[PDB]
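# Commentary on secondary and tertiary structure
Here's the letter readout for the chains.
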Amino acid sequence: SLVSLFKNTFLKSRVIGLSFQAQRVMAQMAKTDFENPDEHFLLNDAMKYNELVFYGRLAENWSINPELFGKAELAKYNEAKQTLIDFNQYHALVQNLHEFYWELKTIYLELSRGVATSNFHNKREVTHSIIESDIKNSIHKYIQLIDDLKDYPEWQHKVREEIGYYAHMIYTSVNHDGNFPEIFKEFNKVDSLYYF
Amino acid sequence: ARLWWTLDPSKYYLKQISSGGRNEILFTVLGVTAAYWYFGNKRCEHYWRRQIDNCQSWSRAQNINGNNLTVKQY
Amino acid sequence: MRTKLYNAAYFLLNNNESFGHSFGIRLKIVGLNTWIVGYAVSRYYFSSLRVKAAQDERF
Amino acid sequence: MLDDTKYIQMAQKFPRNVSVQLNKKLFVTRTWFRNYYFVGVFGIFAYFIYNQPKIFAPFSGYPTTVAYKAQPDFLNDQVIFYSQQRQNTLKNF
Amino acid sequence: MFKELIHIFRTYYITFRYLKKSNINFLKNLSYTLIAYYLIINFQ
Amino acid sequence: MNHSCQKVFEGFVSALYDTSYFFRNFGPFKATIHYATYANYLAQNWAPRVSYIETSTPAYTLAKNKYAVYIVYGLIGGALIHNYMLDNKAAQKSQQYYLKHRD
Amino acid sequence: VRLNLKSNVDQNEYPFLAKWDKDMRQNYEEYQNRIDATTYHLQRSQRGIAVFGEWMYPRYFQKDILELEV
Amino acid sequence: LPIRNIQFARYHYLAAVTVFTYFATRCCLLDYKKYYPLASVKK
Amino acid sequence: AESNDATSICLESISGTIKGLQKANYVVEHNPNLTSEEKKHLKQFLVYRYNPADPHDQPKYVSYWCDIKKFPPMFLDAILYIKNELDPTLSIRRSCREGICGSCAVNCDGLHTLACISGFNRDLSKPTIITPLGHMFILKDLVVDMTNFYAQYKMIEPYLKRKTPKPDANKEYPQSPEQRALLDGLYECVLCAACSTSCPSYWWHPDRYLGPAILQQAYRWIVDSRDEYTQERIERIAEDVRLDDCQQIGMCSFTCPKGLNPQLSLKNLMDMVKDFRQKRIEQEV
Amino acid sequence: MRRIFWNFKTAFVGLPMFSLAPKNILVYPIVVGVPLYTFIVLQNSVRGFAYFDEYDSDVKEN
Ligand SMILES: CCCCCCCCCCCCCCCCCC(=O)OC[C@H](COP(=O)([O-])OCC(O)COP(=O)([O-])OC[C@@H](COC(=O)CCCCCCCCCCCCCCCCC)OC(=O)CCCCCCCCCCCCCCCCC)OC(=O)CCCCCCCCCCCCCCCCC
Ligand SMILES: CCCCCCCCCCCCCCCCCC(=O)OC[C@H](COP(=O)([O-])OCC(O)COP(=O)([O-])OC[C@@H](COC(=O)CCCCCCCCCCCCCCCCC)OC(=O)CCCCCCCCCCCCCCCCC)OC(=O)CCCCCCCCCCCCCCCCC
Ligand SMILES: CCCCCCCCCCCCCCCCCC(=O)OC[C@H](COP(=O)([O-])OCC(O)COP(=O)([O-])OC[C@@H](COC(=O)CCCCCCCCCCCCCCCCC)OC(=O)CCCCCCCCCCCCCCCCC)OC(=O)CCCCCCCCCCCCCCCCC
Ligand SMILES: CCCCCCCCCCCCCCCCCC(=O)OC[C@H](COP(=O)([O-])OCC(O)COP(=O)([O-])OC[C@@H](COC(=O)CCCCCCCCCCCCCCCCC)OC(=O)CCCCCCCCCCCCCCCCC)OC(=O)CCCCCCCCCCCCCCCCC
Ligand SMILES: CCCCCCCCCCCCCCCCCC(=O)OC[C@H](COP(=O)([O-])OCC(O)COP(=O)([O-])OC[C@@H](COC(=O)CCCCCCCCCCCCCCCCC)OC(=O)CCCCCCCCCCCCCCCCC)OC(=O)CCCCCCCCCCCCCCCCC
Ligand SMILES: CCCCCCCCCCCCCCCCCC(=O)OC[C@H](COP(=O)([O-])OCC[N+](C)(C)C)OC(=O)CCCCCCCCCCCCCCCCC
Ligand SMILES: CCCCCCCCCCCCCCCCCC(=O)OC[C@H](COP(=O)(O)OCCN)OC(=O)CCCCCCCCCCCCCCCCC
Ligand code: SF4
Ligand code: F3S
Ligand code: FES
Ligand SMILES: [Ca+2]
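Residues numbered from 1 in each chain as written, not as in the entry; some residues may be left out. Chains lettered and ligands numbered in written order. Part of a larger assembly, values for the part shown. Heavy atoms only, no water.

### Here's the deal with the environment of I:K166
All names here are of chain I. Applicable threshold: Under the DSSP-based scheme used, a helix requires at least four consecutive residues in state H or I and a strand at least two consecutive residues in state E, with every element numbered from the N terminus. A contact between two residues is defined here by any heavy atoms of the two lying within 4.5 Å. Polar contacts, as counted here, are pairs of nitrogen or oxygen atoms within 3.5 Å of one another; within protein the pair requires one atom able to donate a hydrogen and one able to accept it, and residues that are adjacent in sequence qualify only if both atoms are side-chain atoms.
Inspection of the secondary structure assignment puts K166 in the loop between α4 (147-154) and α5 (177-183). Distance in space between the C-alpha atoms of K166 and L34 is 71 Å, their sequence separation being 132 residues. Apart from the residues within four sequence positions on either side, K166 is in contact with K171 and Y173. A distance of 3.3 Å separates a polar side-chain atom of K166 from the backbone oxygen of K171.

Here it is in structure tokens:
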């Protein structure tokens, strides 16, 4: 089976080569923030990030032919496949956190455009119920994420430092009247004190 | 202000392939073949032409419906 | 909640030489780019104009 | 070497069951802001690139044209047309 | 050049802040493809 | 806004989000998007090039990596000049052919 | 040619022909000015030098030729 | 650190920019229909 | 019950903008019962006043006529005289009185600076305008919200981190007088945020771009010889537009009342970041 | 009611802008285009701005 031989050789080469780099790629992703976790790969240097993203699906899906594999070779291929699956799960988690961060940043941008000096056409003195409820629900979800990340102190610290920055900016963007205490009840417990 | 203009290439796109330099000669050969084909067709169409104007060069006109085209003197 | 407000600094800051010096270069580059793009757009626009028609002509 | 110990630890150990529900309204708002800044800004450039060659080199988009010859039909007050297919080419440089 | 243009638009326009670096990169790729197509076609 | 319009807007945005998510995460569509993304990455970041960072010693750099620019320039120049000469030859051939055919 | 605007055709016997001639003469001056302008532009662009001119005169000034024909 | 054919890359980028601007703006290929009224005539 | 109000909001915004342009710099006299002959001997201070807590209050200048021969010649002294004698409801931050704490940073007659160590035009004809920092949210009168500035300062990890244990634990981290003069003229920042509030880039991107003061603190902690996270700090500050947004206006250095050079510090930071980016490729090979 | 505080004659955005922007935006445009535009226009007219009349302009119908 020449076609099978070529397929297995390609799969082995790509999977092992990218498994040897998954550690560095994940480290860079963790180092970068949640606004654009792939910012370093997009701007400075793509350290096999796109290659990992592409070949993770192939490792997960494409079949294997053990008769074309050795003993140590098969064990190494299995280890690389597990590493690629872990990379895929890590990327999914990072994408979810990044999208939540961008939700909060969308709320913050909506607030900012309201107070922008150039906003001579949509200047609103009083915050409206729709955005108030959005802020309340977003803060509730952020608190739930912080609680769920109790077993990973580094992840919790990064999530705070990154996401809660815009929550603190939203807190600062409005006066402390109206429904403000109820809206920021959960935030004021810990998060408000941190951003002071 | 900060000066930023420069003709130097960006290091993001200066990487080489594992086996050596980027695939330049192969793509140049492909482009040369494509240009040869395109220019050969263009030259063949362009140079071997003449305009013959005689009765046999004219055919009866017809509408989009297929009927002969005739316009009344209204 | 009454949204907070601020007074834009450039509306209440005395004119300074640093602002002028930096924004002069910025506006020079902006003018160059805008002039090039506007020339391109003008060439596109005028070339898109229709041909002159007869007097009191329909269609 | 950079001291990336904490980042390496984070990469090695991450949760595998944590997820956050996303506000559909806000996600749609951001996506349509991106769509707005795509169409209404980049479409100008894209359409310029696509069409300006078609405006400054129209003869290459219409290869074949038609020509007509007419003869009178007195007894019926009609006009007879003979068509001809020609290759669209420059004329009167 | 493209990077500078995107940076100016992002720093001056509040609404442009919505676009991600991924979206900026997609616009960059589309612009490069369109420029290459323009250069090739103009000589055809 | 009015609460009825709020209901309508929430339904519309939820429908848009569901449609986008379904189209992006559908099996065949997901595979297509994934392969197209990797292909676009390859095309954009690994296009043919003449200048690259040389991280190898002159003893460990191939002669192809040193003469690729010259080979490409020679190929392109030869193609252009040969096409020009072929155009001239075709012009002469057509002129002679039609002249000998008549007048 | 500066053709006169008064048609010399008999309207009583050739109405359509007279009307066509009258309209043609009426618009001839304007269309001749436009044609002269286009021809002048073409010839000056041809007189241009290198990339500013002769090197790419016939093939890139296609809209001008189309306008001239129209 | 060394970049192969860096001068060639610089010249290629400059040529690409020049060609793109040339075709986009048609700076060299101007229009003189506006100048026609302000020109003399022969013959 | 509520309904769509886009049209009403748009019309109100446009009308209010036009009316504000017509009636810009709205001024209210603190004591309208003043004769011009008396006003001849008193200088005019237009103090910005605004109380968002009160729903009925709006921003406005208040004109106070005071005798400059009753207090020392400083902006803070004049403000405190106005507060104590005329209207004790005025709000302003003040801790040191000698230009050390940096709490009194306000827009003193068109220039951001500390009010305690800034004199005012002695001429009685030209009025003196006192307003808070420009692009900082106004809480009350001359008090702004520096919480964002404090968080940005927190984000730089302003503490000495060392990867090498001290050899004996009974000594002090060695540092030569040259390595101390390296920090001289750079650690004197009092975090008054005037340079950041005057920086144009900080106006446009308060969050994504760190202030000149915070970047100067980062530069100080980087050039410090005792710390060993030099490359780590450089990489952290090289993210997105935390430093890249700076355009070298120099207004930070021009306005810095302490005489520091945050512009030069930012230029050095940019040079070091560029060198780091180049040598991340050059070295590892 | 939007109240705006703004020094029209002394703030950086105002009369200083009117004095600064027009002379800086047109720096490259003038100095570059005017010589370049003159060169492009004049290189065609080495001999003169003569319109070679391909049509009989001097001929008028009797
Ligand atoms: C020509 C006519 C026909 C064209 C058909 C095109 C078909 C495309 C369909 C795409 C389908 C999806 C692909 C998914 C990916 C699957 C493959 C894969 O993963 O890669 C494996 C293999 C290696 O990948 P890898 O292991 O991941 O390596 C990358 C890692 O970084 C690791 O890297 P490394 O450092 O270890 O080194 C590995 C090295 C390994 O590289 C190689 O081994 C490949 C080297 C090149 C080919 C060598 C063989 C040559 C001979 C082939 C003979 C084939 C005969 C076929 C017979 C058929 C008969 C029926 O990899 C590379 O360097 C990759 C090279 C990428 C080249 C990108 C080219 C972009 C420019 C194309 C346009 C040029 C126009 C110029 C015009 C200018 C005029 C002025 O990669 C490839 O196969 C490269 C494919 C790149 C081209 C795909 C895109 C083409 C699109 C063209 C434009 C069309 C636009 C039309 C309009 C749009 C609507 C239609
Ligand atoms: C606030 C309200 C203001 C209202 C403004 C209203 C303006 C209405 C204008 C109407 C249209 C005018 C068109 C003139 C075209 C000129 C060309 C020409 O005659 O060609 C014949 C034209 C065909 O042109 P073509 O030959 O195909 O090519 C033309 C291209 O321009 C190519 O020609 P070329 O290659 O020979 O070009 C010459 C070369 C020359 O370039 C150079 O070398 C540049 C030289 C510049 C020198 C400047 C010196 C100034 C000195 C400064 C001193 C400062 C010192 C300070 C001291 C401080 C103290 C120290 O290029 C240029 O001229 C550059 C043009 C590109 C412009 C770039 C900027 C565009 C964006 C910004 C626009 C302005 C915004 C202002 C905002 C104000 C806000 C407050 O055909 C005709 O016979 C048409 C005649 C024109 C009438 C067209 C009618 C169309 C009507 C359409 C319907 C809609 C109309 C609505 C009207 C609204 C009115 C309110
Ligand atoms: C003839 C050929 C055809 C021509 C038309 C071609 C059109 C192609 C499609 C255009 C699609 C554009 C929309 C998508 C882009 C992104 C927009 C976006 O972010 O959406 C949200 C953003 C709205 O955000 P927001 O939250 O509502 O606003 C508060 C945020 O703080 C706001 O934060 P921000 O910083 O993000 O917002 C800034 C926003 C700008 O929004 C604003 O904040 C205000 C906009 C209005 C400003 C009005 C002037 C105010 C006073 C200034 C001083 C003028 C003095 C004049 C008198 C001088 C006398 C000496 O900037 C933009 O819109 C960026 C793109 C602008 C350029 C593209 C659009 C050009 C349209 C030109 C035609 C306009 C209609 C005809 C008008 C003339 C009728 C006689 O934009 C919009 O939704 C509005 C879009 C713009 C509508 C038209 C307004 C007039 C603009 C005139 C520009 C003149 C330039 C000169 C060259 C013109 C040559 C034709
Ligand atoms: C109008 C112009 C159009 C053309 C120009 C286009 C330009 C623009 C770019 C277009 C980009 C977008 C393309 C559309 C997206 C395609 C998505 C897709 O394929 O969906 C499948 C994907 C399913 O696969 P999956 O879920 O990823 O995988 C698990 C499945 O269980 C499957 O499990 P399995 O293990 O049984 O099957 C795995 C594999 C079937 O496995 C096999 O039987 C073996 C396949 C070969 C493996 C690689 C061996 C390479 C050996 C070396 C070759 C060297 C050649 C000479 C050069 C040497 C020097 C370098 O089946 C696939 O999934 C095939 C995917 C496509 C080819 C992947 C291989 C790429 C590398 C080889 C080709 C390129 C040459 C590289 C040369 C350099 C290499 C270093 O999703 C779908 O089912 C969607 C279906 C509906 C969408 C449309 C389907 C179209 C199908 C096209 C098939 C084309 C086959 C190749 C033709 C080659 C002719 C020359
Ligand atoms: C579904 C998929 C996803 C879709 C997504 C949506 C978008 C579409 C994506 C599709 C993928 C393709 C996209 C195009 C590639 C984009 C590349 C890119 O953005 O790279 C940026 C990235 C920019 O990086 P950078 O840092 O700015 O560096 C750029 C500087 O320019 C640095 O540049 P450099 O220094 O490296 O220069 C480049 C190098 C590149 O050169 C090459 O190696 C290429 C050569 C051409 C080969 C062409 C091959 C074409 C093959 C076609 C085959 C048929 C295909 C049929 C398809 C059918 C469908 C199946 O050029 C040279 O070597 C210069 C040659 C100059 C020759 C000089 C001649 C002198 C003659 C005289 C001789 C001496 C005489 C002396 C006489 C003495 C008398 C006294 O570019 C690069 O680094 C690569 C170089 C640029 C390559 C451009 C390629 C464009 C290709 C366009 C193809 C369009 C086809 C459309 C088909 C439509 C059909 C319906
Ligand atoms: C075909 C249509 C043509 C229409 C032409 C319209 C021309 C419009 C020109 C606009 C110029 C730029 C200002 C508006 C856009 C600003 C966008 C931007 O990024 O700014 C955001 C910023 C404002 O936002 P910001 O300062 O809050 O910054 C954002 C900060 N965060 C993110 C925290 C919210 O800048 C401005 O908007 C500055 C506005 C200055 C306005 C100056 C007005 C001068 C008026 C002079 C009138 C002279 C009359 C003379 C009469 C003489 C009679 C004899
Ligand atoms: C700086 C940032 C912004 C930059 C923007 C850049 C934009 C780039 C755009 C690129 C594409 C260019 C396309 C150009 C199309 C021009 C069409 C046009 O108006 O042509 C003029 C035309 C008459 O021309 P023509 O028929 O040829 O006759 C003369 C022949 N010698 O005139 C007509 O036929 C008139 C009728 C058609 C035009 C109608 C216009 C309607 C406008 C409605 C505005 C609505 C909003 C109003 C807002 C204010 C309300 C108070
Ligand atoms: S650098 Fe100067 S102006 Fe800026 S915060 Fe420090 S002391 Fe204040
Ligand atoms: S004020 Fe602003 S942008 Fe640069 S040098 Fe000074 S910081
Ligand atoms: S009183 Fe302390 S800084 Fe002014
Ligand atoms: Ca150090």
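Moving on, there is more to tell.
### Remarks on the site of ligand 8
Rules: Neighbouring residues are identified by heavy atoms, a residue being near a molecule or strand if any of them is within 4 Å of it. Classification used: nonpolar for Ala, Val, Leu, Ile, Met, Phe, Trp, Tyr, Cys and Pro, charged for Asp, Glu, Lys and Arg, polar for all others including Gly.
Near ligand 8 the following residues occur: I:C189, I:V190, I:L191, I:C192, I:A193, I:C195, I:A213, I:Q216, I:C256, I:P257 and I:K258. A breakdown of the residues in the shell around ligand 8 according to their chemical character gives nine nonpolar, one polar and one charged.

### Re the site of ligand 1
The test is simple: Computed with a 1.4 Å probe, the accessible areas rest on the Shrake-Rupley method; for each residue, only the protein chains presented here act as cover.
A:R14, A:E51, B:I17, B:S18 and F:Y38 are the nearest of the 16 residues found near ligand 1. More than one chain reaches ligand 1: its neighbouring residues belong to chains A, B, E and F. In the environment of ligand 1, an oxygen atom lies 2.8 Å from a nitrogen or oxygen atom belonging to the side chain of A:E51. Within the backbone of B:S18, one N or O atom sits 3.0 Å away from an oxygen atom of ligand 1. In the complex, 34% of the free accessible area of ligand 1, which totals 2,100 Å², lies under the protein chains. Listed by contribution, the elements that provide at least two residues to the shell around ligand 1 are α3 (49-61) of chain A, α1 (25-47) of chain B together with α2 (27-45) of chain F. Among the residues forming the shell around ligand 1, the class breakdown is 12 nonpolar, two polar and two charged.

### A short note on the UniProt feature "binding site: [2Fe-2S] cluster 3" (unreviewed entry) in chain I
All names here are of chain I. Keep this limit in mind: UniProt positions are given in the numbering used here, feature names are shortened, and annotations may be inferred rather than shown by experiment. Only protein chains enter the accessibility calculation, which uses a 1.4 Å probe. A residue is then buried if its area is under 20% of the maximum for its type, exposed if over 50%, and partly exposed in between.
The feature "binding site: [2Fe-2S] cluster 3" (unreviewed entry), as annotated in UniProt, sits at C96, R97, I100, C101 and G102 in this numbering. Within the secondary structure, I100 is located in the loop between α3 (75-86) and β4 (105-108). Assessed through its relative accessible area of 47%, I100 is described here as partly exposed. Locating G102 in the fold gives a position in the loop between α3 and β4.

### Let's talk about the coordination of the calcium ion (ligand 11)
All names here are of chain I. Threshold: The donor set covers N, O and S atoms within 2.8 Å of the metal, switching to 3.2 Å for Na, K and Ca, and it leaves out water, so a site may look short of donors.
Only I222 (O), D224 (O), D227 (OD) and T230 (OG1) from the protein coordinate the calcium ion (ligand 11), and they sit 2.3 to 3.0 Å from it. Counting the intervening residues between successive donors of the calcium ion (ligand 11) yields the motif I-x1-D-x2-D-x2-T. Neither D224 nor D227 differs from the other in exposure class; each is buried.

### Quick look at the packing of helix α8 (residues 212-223) of chain I against helix α11 (residues 262-282) of chain I
Residue and element names in this part refer to chain I. Condition: Interaxial angle, 0 to 180 degrees, is taken between N-to-C directions of lines fitted to C-alpha atoms, where a helix line uses only the stretch in contact. Angles are sorted into four bins: roughly parallel if under 35 degrees, roughly antiparallel if over 145, roughly perpendicular if 65 to 115, and oblique for all others. In this scheme the handedness of a crossing depends on how the near helix is turned from the far one: anticlockwise by less than a right angle means left-handed, clockwise means right-handed.
Where α8 meets α11, the closest approach of the two axes is 9 Å, and the angle between their N-to-C directions is 60°. The angle between α8 and α11 places the two elements in the oblique class. The way α8 lies across α11 gives a crossing that is left-handed. Here α8 contributes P212, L215, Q216, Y219 and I222 to the contact with α11, which in turn contributes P262, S265, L266, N268, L269 and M272. Considering only residue class, the contact of α8 with α11 consists of eight nonpolar, three polar and no charged.

### Some details on the interface of chain B and chain F
Put simply, the rule is: As used here, buried area is the combined drop in accessible area, with a 1.4 Å probe, of two parts when they are placed together. Salt-bridge detection follows one rule: a side-chain nitrogen of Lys or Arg within 4 Å of a carboxyl oxygen of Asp or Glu.
Contact with chain B, which involves 26 residues of that partner, is made by 31 residues of chain F. In terms of surface lost to chain F, no three residues of chain B exceed B:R22, B:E24 and B:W48, which account for 24% of the buried area on that side. If you look at where chain B meets chain F, you find one salt bridge. Note that B:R43 and F:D87 form a salt bridge whose closest N and O atoms lie 2.6 Å from each other. Our count for the chain B to chain F interface comes out at 11 residue pairs in polar contact. By residue class, the composition of the side of chain B that touches chain F is 13 nonpolar, six polar and seven charged.

### Side note on the UniProt feature "transmembrane region" (unreviewed entry) in chain J
Using the residue numbers shown here, the UniProt feature "transmembrane region" (unreviewed entry) corresponds to residues 25-42 of chain J. Taken end to end, residues 25-42 of chain J is 94% helix and 0% strand, and its first and last C-alpha atoms sit 26 Å apart.

### Some words on the sheet that holds strand β1 (residues 27-29) of chain I
Residue and element names in this part refer to chain I. To be explicit about the condition: Strand pairing is assigned whenever DSSP detects at least two bridges linking the two strands.
In space, the six strands of this open sheet follow the order β1-β3-β2-β6-β4-β5, with mixed pairing throughout. Among the strands making up the open sheet, the edge pair consists of β1 and β5 (111-114). Sheet twist, expressed as the mean angle between neighbouring strand axes with direction ignored, is 30°. Looking at chain direction, strand β2 (residues 43-49) and strand β3 (residues 60-66) are connected through seven bridges and run antiparallel. Within β3, the position partnered with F45 by the bridge is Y64. Lying on the sheet, α3 is in contact with β2, β3, β4 and β6 (128-131); it crosses β3 at an angle near 90°.

### A closer look at the pairing of strand β1 (residues 64-73) of chain D
Remark: a regular strand shows side chains that alternate across the two faces of the sheet. Residue and element names in this part refer to chain D. The pairing of β1 with strand β2 (residues 78-87) spans 10 bridges and is classified as antiparallel. The residue of β2 that forms the bridge with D73 is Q78. Turn length for the β1-β2 hairpin, with the two strands adjacent in sequence and antiparallel, is four residues, and the turn residue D77 shows positive phi of about 55°.

### Structural notes on the pairing of β2(D)
Taken together, the two bridges between strand β1 (residues 59-60) of chain B and β2(D) define a ladder with antiparallel strand orientation. Residue pairing in the sheet places B:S59 in a bridge with D:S83 of β2(D). Judged from the three bridges that link them, strand β2 (residues 70-72) of chain B and β2(D) form a sheet pairing that is antiparallel. What sits directly across from B:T70, in β2(D), is D:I80.

### Quick notes on the UniProt feature "binding site: [2Fe-2S] cluster 2" (unreviewed entry) in chain I
Residue and element names in this part refer to chain I. Listed under "binding site: [2Fe-2S] cluster 2" (unreviewed entry) in the UniProt record, and renumbered for this structure, are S95, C96, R97, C101, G102, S103, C104 and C116. These annotated residues cover 22 residues of sequence, and their C-alpha atoms all fall within 10.2 Å of one another, placing them together at a single site. Note that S95 resides in the loop between α3 and β4. With residues near it in sequence (within four places) discarded, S95 still touches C101 and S103. Along the polypeptide, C116 turns up in the loop between β5 and β6. When sequence neighbours within four positions are dropped, the list of residues in contact with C116 reads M74, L76, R97, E98, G99 and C104.

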